[PDB]
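K.L.:
Each protein sequence line maps, in turn, to chains A and B. Reading the first sequence from the start, the letters are residues 2 to 204 in the UniProt record's numbering. Reading the second sequence from the start, the letters are residues 2 to 204 in the UniProt record's numbering. Each residue gets a CB set at the ideal place from its N, CA and C atoms; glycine is no exception.
Protein chains: 2
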Amino acid sequence: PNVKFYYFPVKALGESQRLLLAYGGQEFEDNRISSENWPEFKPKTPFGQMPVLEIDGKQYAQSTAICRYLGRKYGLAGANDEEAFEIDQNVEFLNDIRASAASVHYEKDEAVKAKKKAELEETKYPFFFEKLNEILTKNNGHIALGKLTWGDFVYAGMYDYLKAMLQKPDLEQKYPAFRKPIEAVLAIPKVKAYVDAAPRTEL
Amino acid sequence: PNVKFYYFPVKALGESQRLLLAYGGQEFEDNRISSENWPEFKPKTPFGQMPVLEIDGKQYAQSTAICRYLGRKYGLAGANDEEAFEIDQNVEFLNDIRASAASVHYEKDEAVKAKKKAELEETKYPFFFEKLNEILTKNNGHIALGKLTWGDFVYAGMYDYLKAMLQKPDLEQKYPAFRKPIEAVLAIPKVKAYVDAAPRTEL
Ligand SMILES: N[C@@H](CCC(=O)N[C@@H](CS)C(=O)NCC(=O)O)C(=O)O
Ligand SMILES: N[C@@H](CCC(=O)N[C@@H](CS)C(=O)NCC(=O)O)C(=O)O
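So this is what it looks like as structure tokens:
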């Protein structure tokens with residue numbers, strides 16, 4: 002199909018779709034829209050945001066919903082309702098970690114940012130990280146089902162952005178499992194080939 | 002099946018599952034766990050939080066993932082991948098509105114809460130509400146597909162909690178469409194019967 006993907010020139014919420022498209026052997030226009038040019042595209046999007054995936058002229062918005070749809074098309078969404086559920090479940094936990102980190106990162110008052118961070122360090126982060134370590138260990142380096150699923154692509158796509166927001170670049174020294182879903186996705190030749198060819202960004 | 006649902010004695014994130022179970026004609030133990038007793042249940046949950054749905058001893062956590070699963074079991078998740086996608090997409094937009102309201106509501110510093118609110122009033126809320134009004138209008142009073150789906154139950158379950166966080170109890174005076182998904186769910190006899198029999202809470 003004619004496929005076009007629209008997102009900013011970063012990984013953040015959109016890289017997981019690019020990686021999923023690479024997995025599926027689906028060639029696509031990687032439309033990396035600069036901040037300066039974005040406003041001319043914004044009213045053409047379903048909700049006024051990116052990412053947007055366009056397939057034969059039909060637009061799909063909302064990052065996780067797009068990854069789930071691509072995961073289903075590429076056989077990465079489990080074999081029945083209960084398996085599909087587990088992936089949704091573990092990805093929704095990942096989104097809580099992202100949301101908690103985002104609440105610190107996007108605080109523009111450096112003083113309030115500082116107290117929010119301290120508070121999360123003692124009350125949510127330790128529990129999130131131990132829980133993520135349990136899940137990655139239970140699933141042998143994967144986010145769900147003990148094998149490759151679309152949830153590994155969501156994890157791989159957002160991992161650096163998460164780390165940048167957590168302000169622990171050194172996260173995976175205490176938790177070497179945290180690298181494993183990325184390794185699983187980058188082990189896939191097509192995906193490795195796309196990543197080797199693609200720009201790098203810090204988030 | 003033997004079904005048990007565990008959540009706090011409020012609607013917030015868990016009411017949508019109770020309503021979906023009522024729709025499905027699935028009798029269940031509505032286990033409303035008080036804050037004071039919660040800690041004894043917390044280590045028995047998959048992630049250390051509620052809601053948790055237990056079916057024949059197997060636990061399902063993560064609210065949206067549970068609603069999607071129940072929606073699929075009850076034929077409320079569309080008829081193909083593209084329809085299922087649209088529901089996921091529009092519910093993920095709803096979650097952004099919730100997340101934005103939550104960032105104000107859970108601010109414990111009343112001064113900072115005040116500036117965050119003012120900032121959202123001029124920069125995200127007007128766009129969210131117009132966009133939600135468009136979606137509800139396009140879909141004839143529903144969150145997606147122009148008909149009843151599991152996304153209407155998510156909306157119905159969280160609507161009061163959202164309003165309490167937005168600090169616009171008067172939301173649906175400017176936007177009478179905002180009441181419609183609730184009307185669609187409450188029009189269903191089993192669901193109306195459960196709601197008539199169930200406790201009321203302000204969120
Ligand atoms: N829930 C949406 C969130 C999308 C979102 O926040 N997009 C941001 C970038 S990561 C954006 O388009 N900002 C531009 C704007 O709002 O004008 C999704 O996951 O796709
Ligand atoms: N992403 C989870 C969030 C669950 C959540 O935040 N649960 C809260 C109540 S709404 C909770 O269990 N708080 C108790 C605690 O953390 O000890 C979901 O949607 O189910």
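Closer than 9 Å, Cβ to any Cβ of chain A: which residues of the region 45-75 of chain B, in chain order?
P.N.:
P47, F48, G49, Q50, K59, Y61, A62, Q63, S64, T65, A66, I67, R69, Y70, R73, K74
K.L.:
Report yes or no: is there a C-beta of chain A within less than 8 Å of the C-beta of B:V105?
P.N.:
no
K.L.:
Which residues in chain A have a C-beta closer than 9 Å to the C-beta of B:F179? List them in chain order.
P.N.:
Result: empty, since nearest Cβ-Cβ is about 17 Å, beyond 9 Å.
K.L.:
Less than 8 Å between the CB atoms is what I'm expecting for A:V92 and A:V155, so what's the real figure, rounded?
P.N.:
The C-beta distance from A:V92 to A:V155 rounds to 5 Å, short enough to fall under 8 Å.
K.L.:
Give me the subset of the UniProt domain "GST C-terminal" (81-204) of chain B whose CB atoms are less than 7 Å from a CB atom of chain D, sorted by chain position.
P.N.:
Looking at the structure shown, chain D is missing, and the protein chains on hand are A and B.
K.L.:
According to DSSP, which residues form a beta bridge with residue 1 of chain A?
P.N.:
Since the first and last residues shown for chain A are 2 and 204, residue 1 of chain A lies out of range.
K.L.:
Decide yes or no for the touch test of the region 180-192 of chain A against the region 6-25 of chain B: beta carbon pairs closer than 8 Å, at least 3 of them.
P.N.:
no
K.L.:
Going straight from the alpha carbon of B:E28 to that of B:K193, what length do you get?
P.N.:
Cα-Cα distance, rounded: 15 Å.
K.L.:
With 16 as the cutoff for other CB atoms within 10 Å, does A:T124 come out buried or exposed?
P.N.:
exposed
K.L.:
Among residues of its own chain, excluding the 5 on either side of A:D153, which ones have a beta-carbon nearer than 7 Å to its beta-carbon?
P.N.:
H143, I144, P182, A185, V186
K.L.:
Considering Cα atoms alone, identify which of B:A13, B:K5, B:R19 is closest to B:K191.
P.N.:
Measuring from the Cα of B:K191, the nearest candidate turns out to be B:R19.
K.L.:
Taking the beta strand (DSSP E) that B:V4 falls in, what are its first and last residues?
P.N.:
Boundaries of the beta strand (DSSP E) harbouring B:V4: 4-8, taken from the DSSP string.
K.L.:
Output the boundary residues of the alpha helix (DSSP H) element that contains B:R99.
P.N.:
82-106
K.L.:
Express the C-alpha separation of A:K74 and B:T150 in angstroms, rounding to a whole number.
P.N.:
22 Å
K.L.:
Since B:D31 is in the alpha helix (DSSP H), which residue starts that stretch and which ends it?
P.N.:
B:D31 -> not in any alpha helix (DSSP H); beta strand (DSSP E) instead, spanning 30-33.
K.L.:
Taking only the alpha-carbon atoms, compute the straight-line gap between A:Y24 and A:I189 and give it to the nearest angstrom.
P.N.:
8 Å
K.L.:
Should A:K5 and A:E30 be called a contact, given that it needs their Cβ atoms to be closer than 8 Å?
P.N.:
yes
K.L.:
For ligand 1, any of its heavy atoms closer than 7 Å to the Cβ of B:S101?
P.N.:
Ligand 1 never approaches B:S101 closely enough for any of its heavy atoms to be under 7 Å from the residue's Cβ.
K.L.:
If we ignore side chains and look at the alpha-carbon of each, how far apart do A:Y126 and B:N141 end up?
P.N.:
42 Å
K.L.:
Tell me whether B:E203 sits in a helix, a strand or coil according to DSSP, three-state version.
P.N.:
coil
K.L.:
Which whole-angstrom value is the C-beta distance of A:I98 and A:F128, which I expect to be below 8 Å?
P.N.:
With a contact defined as Cβ atoms closer than 8 Å, A:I98 and A:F128 miss out at about 10 Å.
K.L.:
Pop quiz: A:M166 and A:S17 are said to be a contact at Cβ under 8 Å. What is the actual Cβ separation, rounded to whole angstroms?
P.N.:
16 Å between Cβ atoms; not a contact.
K.L.:
Taking the CB atoms as reference points, tell me whether A:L133 and A:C68 lie closer together than 8 Å.
P.N.:
Result no, Cβ atoms of A:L133 and A:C68 do not sit closer than 8 Å.
K.L.:
Where do the N-terminal and C-terminal ends of the alpha helix (DSSP H) with A:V192 fall, by residue?
P.N.:
Note, A:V192: alpha helix (DSSP H), 190-198.
K.L.:
Are the CB atoms of A:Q90 and B:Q63 within a distance shorter than 8 Å?
P.N.:
Yes. Within cutoff.
K.L.:
Sorry if obvious, but does the Cβ on A:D97 come closer than 7 Å to a heavy atom of ligand 2?
P.N.:
yes
K.L.:
Closest to A:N96 by C-alpha separation, out of A:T65, A:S35, A:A119, would be which residue?
P.N.:
A:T65
K.L.:
Under 7 Å from any heavy atom of ligand 2, does the C-beta of B:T65 make it?
P.N.:
yes
K.L.:
Go to B:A157, then tell me how far its alpha helix (DSSP H) extends in each direction, as first and last residue.
P.N.:
151-167
K.L.:
Considering Cα atoms alone, identify which of A:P47, A:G72, A:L71 is closest to A:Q60.
P.N.:
A:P47
K.L.:
Could you give the residue range of the alpha helix (DSSP H) that holds B:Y176?
P.N.:
Taken as a continuous stretch (DSSP letters only), B:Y176 belongs to no alpha helix (DSSP H), as it is neither H nor E.
K.L.:
Return the residue from the list B:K148, B:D110, B:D161 that minimises the CA-CA distance to B:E203.
P.N.:
When B:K148, B:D110, B:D161 are compared, the shortest CA-CA separation from B:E203 is found for B:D161.
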